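Okay, structure first, notes after.
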Amino acid sequence: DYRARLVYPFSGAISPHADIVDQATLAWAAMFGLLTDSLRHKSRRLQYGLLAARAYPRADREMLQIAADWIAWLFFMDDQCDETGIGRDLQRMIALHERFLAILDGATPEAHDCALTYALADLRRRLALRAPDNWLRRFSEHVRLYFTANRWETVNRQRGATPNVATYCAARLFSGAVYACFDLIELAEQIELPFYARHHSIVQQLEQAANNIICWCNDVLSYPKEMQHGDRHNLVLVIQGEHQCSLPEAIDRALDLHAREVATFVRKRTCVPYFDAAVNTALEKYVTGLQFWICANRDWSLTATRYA
Amino acid sequence: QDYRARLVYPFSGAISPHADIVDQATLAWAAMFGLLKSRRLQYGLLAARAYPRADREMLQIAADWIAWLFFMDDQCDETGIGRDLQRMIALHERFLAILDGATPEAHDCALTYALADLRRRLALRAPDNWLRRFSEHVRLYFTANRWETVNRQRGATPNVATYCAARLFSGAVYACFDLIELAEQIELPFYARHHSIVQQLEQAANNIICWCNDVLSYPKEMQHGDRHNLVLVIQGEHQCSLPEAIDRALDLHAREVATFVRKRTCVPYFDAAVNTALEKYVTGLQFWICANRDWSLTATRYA
Ligand SMILES: C/C=C(/C)CC/C=C(\C)CCCC(C)C
Ligand SMILES: C/C=C(/C)CC/C=C(\C)CCCC(C)C
Ligand SMILES: [Mg+2]
Ligand SMILES: [Mg+2]
Ligand SMILES: [Mg+2]
Ligand SMILES: [Mg+2]
Ligand SMILES: [Mg+2]
Ligand SMILES: [Mg+2]
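Structure representation (structure tokens):
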């Protein structure tokens with residue numbers, strides 16, 4: 004049971020609003036037309052709101068609902084990228100991303116824009132009511148880098164080229180949109196970090212470690228379904244190619260890198276400099292937020308139908 | 003004492019063969035926009057050292073941008089506006105509008121017209137992705153300048169940790185590093201541009217450039233009653249002598265140089281093309297480290 008080796012020296016939590024928020028995410032998906040014909044009875048068991056509830060457990064219900072709807076949006080987009088033809092067609096992906104990028108700049112969707120474009124416009128509108136311009140620009144750029152990473156994946160599929168470990172790990176930090184999900188922690192915890200603390204090297208390194216942990220945990224849990232689709236965006240498959248080793252050996256190596264990255268995150272937590280009382284209180288809420296996300300990803304993924 | 007002679011690097015810089023005509027054109031450009045002994049400024053000779061392999065057109069943009077930053081900085085650091093947050097906010101709102109692409113008007117100051125000209129010229133050489141990254145680094149520079157202003161108004165000195173974290177933005181070095189891509193005509197993919205070791209190399213280079221400046225600029229900053237200087241922040245935190253504070257600053261500078269050259273040897277192998285472009289970028293960071301020191305040691309600005 005290699006899944007038992009996905010362990011952390013810290014624990015998570017879930018919002019008491021979990022089920023209400025999950026029901027509302029399904030209703031939101033239906034409203035914006037994101038539910039496919041093949042998802043009729045499967046829709047019930049997606050449980051995207053139960054991931055959001057674990058990721059942002061202290062959030063007010065309104066803010067948690069934006070986070071839940073955003074997480075649903077990312078799953079709907081991701082299954083298009085990873086399980087349909089658009090993920091093998093760079094020109095179709097560029098055309099769609101041009102529409103998403105226009106909407107992120109504040110453009111209103113046109114009559115013939117697709118469901119995902121309208122849904123993204125709804126999330127931007129709702130975040131604009133809750134967040135200042137500074138935040139919206141930072142979130143938008145993390146989302147742009149996620150689209151860039153999806154186009155990078157598409158070229159890999161079109162070329163039949165598995166990236167090396169160094170390239171994969173560097174790109175994977177963007178292909179999961181985890182940095183955009185970290186941006187929501189500020190809104191959930193209602194914290195305003197000053198520029199010098201937000202961008203501090205140790206904070207960047209804690210964010211990088213948490214992102215790696217989440218993505219490599221996902222890779223160990225999602226390699227079966229990704230292999231079923233002939234995909235190559237997975238630390239297990241990337242390690243297997245680089246080392247020319249067995250699948251068990253690649254899984255063992257991936258779980259070693261995951262365990263090492265957890266110890267790096269725990270180590271670097273004690274390396275946050277003292278700025279002042281107020282900044283360090285806010286900063287500790289943000290880093291606690293990263294820990295809730297690490298736990299949310301594993302806790303939800305171990306029980307989710309998505310990886311069954 | 004010869005403490006300036008301890009600012010050494012285990013590498014050398016270079017200067018563009020176009021240095022003087024660019025310097026003369028920068029001085030002319032500054033006069034044309036009314037931002038302006046003038047011949048002693050030599051802002052073009054900093055740009056020529058920072059971007060030594062740049063085509064003349066691109067070097068001229070970089071030179072006019074460096075001149076702009078110096079003109080802005082002397083308003084912030086030697087003028088009343090740098091002690092007035094409401095007046096700073098008002099001016100920044102006009103800059104942030106021009107950066108988003110808004111046309112200047114009759115009410116806007118010389119710096120606003122000059123910034124609009126630079127954004128126009130950069131928009132002809134760089135894609136939207138670049139303009140956004142550059143604009144955000146400039147935005148963070150303005151934010152750092154307002155942080156400086158509140159420090160002056162409240163007469164507060166930040167601790168070493170706070171000063172060093174903020175100083176990475178108060179110098180606009182990251183905005184200057186963005187111009188390396190255009191100077192070298194390289195396109196780094198997202199995963200390499202934002203890689204942790206690249207970020208750590210940029211941070212080390214920025215710290216080196218800023219702390220070198222601090223050691224050379226503490227006298228003129230003391231004369232203006234300013235406290236945005238590693239030497240002065242160390243003096244306040246450790247309650248030590250000025251010589252001890254300078255020695256402490258130079259030890260941190262030397263350590264950061266050792267960190268930069270060590271982290272160069274930790275750049276991963278992505279692929280042949282990406283690593284070719286990356287070495288041009290990182291070499292660019294080294295040209296900037298040498299440019300800052302080489303120019304500053306002979307500049308009348310720090311005489
Ligand atoms: C982001 C992807 C991983 C694996 C980490 C957390 C999952 C999230 C935030 C929702 C899924 C968004 C898609 C990219 C699948
Ligand atoms: C940036 C500051 C240092 C000390 C190195 C490079 C100098 C430059 C790029 C212009 C000087 C004006 C700025 C302080 C606004
Ligand atoms: Mg994916
Ligand atoms: Mg997927
Ligand atoms: Mg996966
Ligand atoms: Mg100054
Ligand atoms: Mg200054
Ligand atoms: Mg100075």
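Protein sequences appear in the order of chains A and B.
Residues in the first sequence are numbered from 4 upward in steps of one, following the entry's author numbering.
Throughout the second sequence, residue numbering follows the entry's author numbering, covering 3 to 38, 45 to 311 in sequence.
Positions of the beta carbon are idealized from the N, C-alpha and C atoms, including for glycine.
Using the beta-carbon of each residue, which ones in chain A are nearer than 9 Å to B:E144?
What B:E144 touches in chain A: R140, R141, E144.
Could you check whether the Cβ of B:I205 sits closer than 7 Å to any heavy atom belonging to ligand 2?
No.
Our contact map puts B:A174 next to B:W219 with C-beta atoms below 8 Å; I'd like the distance itself, whole angstroms only.
So it is not a contact: roughly 13 Å between Cβ atoms.
Say whether chain B places a C-beta atom closer than 8 Å to the C-beta of A:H100.
It does not; no Cβ of chain B falls within 8 Å.
Please state the DSSP three-state secondary structure of A:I23.
A:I23 falls in the helix class under three-state DSSP.
So what does DSSP say about A:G88, is it helix, strand or coil?
Reduced to three states, the DSSP call for A:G88 is helix.
Where do the ends of the alpha helix (DSSP H) carrying A:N215 lie?
Looking at the DSSP string, the run of the alpha helix (DSSP H) that includes A:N215 is 204 to 231.
Taking 5 Å as the limit, tell me which residues put their C-beta closer than that to any heavy atom of ligand 5, in chain order.
In chain order, the qualifying residues are A:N221, A:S225.
Quick check on B:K45: does DSSP put it in helix, strand or coil?
Reduced to three states, the DSSP call for B:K45 is coil.
For the region 186 to 199 of chain B and the region 289 to 303 of chain B, state whether three or more C-beta atom pairs, one from each stretch, are separated by less than 8 Å.
As far as the Cβ criterion goes, the region 186 to 199 of chain B touches the region 289 to 303 of chain B, which means the pair count is three or higher.
Give the range of the alpha helix (DSSP H) segment to which residue 2 of chain A is assigned.
Any answer about residue 2 of chain A is impossible in this case: the structure gives chain A only from 4 up to 311.
Using a C-beta to C-beta distance shorter than 7 Å, which residues of chain B count as neighbours of A:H203?
Here the neighbours are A173.
Does the contact criterion of 3 or more C-beta pairs under 8 Å hold for the region 84 to 104 of chain B versus the region 66 to 76 of chain B?
Counting Cβ pairs under 8 Å, fewer than three are found: no touch.
Leaving out five residues before and five after A:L196 in sequence, what residues of the same chain have Cβ atoms less than 6 Å from its Cβ?
If we look at A:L196 and ignore the five residues flanking it on each side, its Cβ neighbours are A285.
Would you please state the rounded distance, in angstroms, between the beta carbons of A:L126 and A:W76? I believe it to be under 8 Å.
A:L126 to A:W76, Cβ: 6 Å. Contact.
Going by C-alpha to C-alpha distance, which of B:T273, B:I17, B:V10 sits closest to B:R61?
When only C-alpha atoms are compared, the closest one is B:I17.
When Cβ atoms are compared, which residues of the region 176 to 200 of chain A fall closer than 8 Å to chain B?
Per Cβ criterion, the list reads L176, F177, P197, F198, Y199, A200.
When you compare each of A:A169, A:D22, A:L139 to A:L238 by their alpha carbons, which one comes out closest?
For A:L238, the nearest C-alpha among the options comes from A:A169.
Considering only heavy atoms of ligand 3, list every residue whose Cβ is less than 5 Å from one of them, following chain order.
Working through the chain, the matches are A:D81, A:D85.
Can you give the beta carbon distance from A:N300 to A:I217, rounded, assuming they're within the 8 Å contact cut?
Confirmed, Cβ separation roughly 4 Å.
Check whether the Cβ atoms of B:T308 and B:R48 sit closer than 8 Å, and answer yes or no.
Result yes, Cβ atoms of B:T308 and B:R48 sit closer than 8 Å.
Please return the same chain residues whose Cβ sits closer than 8 Å to the Cβ of B:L107, not counting the five positions on each side in sequence.
So the list reads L123, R127, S143, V146, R147, once near-sequence residues are dropped.
Taking buried to mean at least 16 other C-beta atoms within 10 Å of its own C-beta, is B:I97 buried or exposed?
B:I97 is exposed by the Cβ-count criterion.
Report the option in B:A253, B:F278, B:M230 whose CA atom is closest to the CA atom of B:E86.
It is B:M230.
Which of the three DSSP states, helix, strand or coil, is assigned to A:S304?
Helix, per DSSP.
Can you grab the Cα-Cα spacing for the pair A:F198 / A:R43, in whole Å?
Spanning the two alpha carbons is a distance of roughly 46 Å.
Given a cut-off of 8 Å, decide if B:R6 and B:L305 are closer than it, judged by their beta-carbon atoms.
Against a cut-off of 8 Å, the Cβ pair of B:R6 and B:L305 comes out as a contact.
Please report the straight-line C-alpha distance between B:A27 and B:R64, rounded to a whole angstrom.
Their Cα atoms are separated by approximately 11 Å.
For the region 273 to 303 of chain A, which residues have a beta carbon sitting closer than 9 Å to at least one beta carbon of chain B?
Taking 9 Å as the Cβ-Cβ cut-off against chain B, the residues of the region 273 to 303 of chain A that qualify are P276, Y277, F278, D279, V282.
According to DSSP, is B:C172 part of a helix, a strand, or is it coil?
If DSSP states are grouped into helix, strand and coil, B:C172 belongs with the helices.
B:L148 versus chain A: which residues are under 9 Å apart at the beta carbon?
Near B:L148 (Cβ distances below 9 Å), the residues of chain A are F198, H202.
Please go through the same chain and pick out, in chain order, the residues whose beta-carbon is closer than 7 Å to the beta-carbon of B:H232, but skip the five residues on each side of it.
The residues are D85, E86.
So with Cβ pairs under 8 Å, would you call A:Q207 a contact of chain B?
Yes, its Cβ sits closer than 8 Å to a Cβ of chain B.
At the level of alpha carbons, what is the spacing between B:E245 and B:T165?
Approximately 9 Å between the Cα atoms of the pair.
Following the continuous alpha helix (DSSP H) through residue 2 of chain B, name the residue where it begins and the one where it ends.
Since the displayed chain B opens at 3 and closes at 311, residue 2 of chain B lies outside it and no answer follows.
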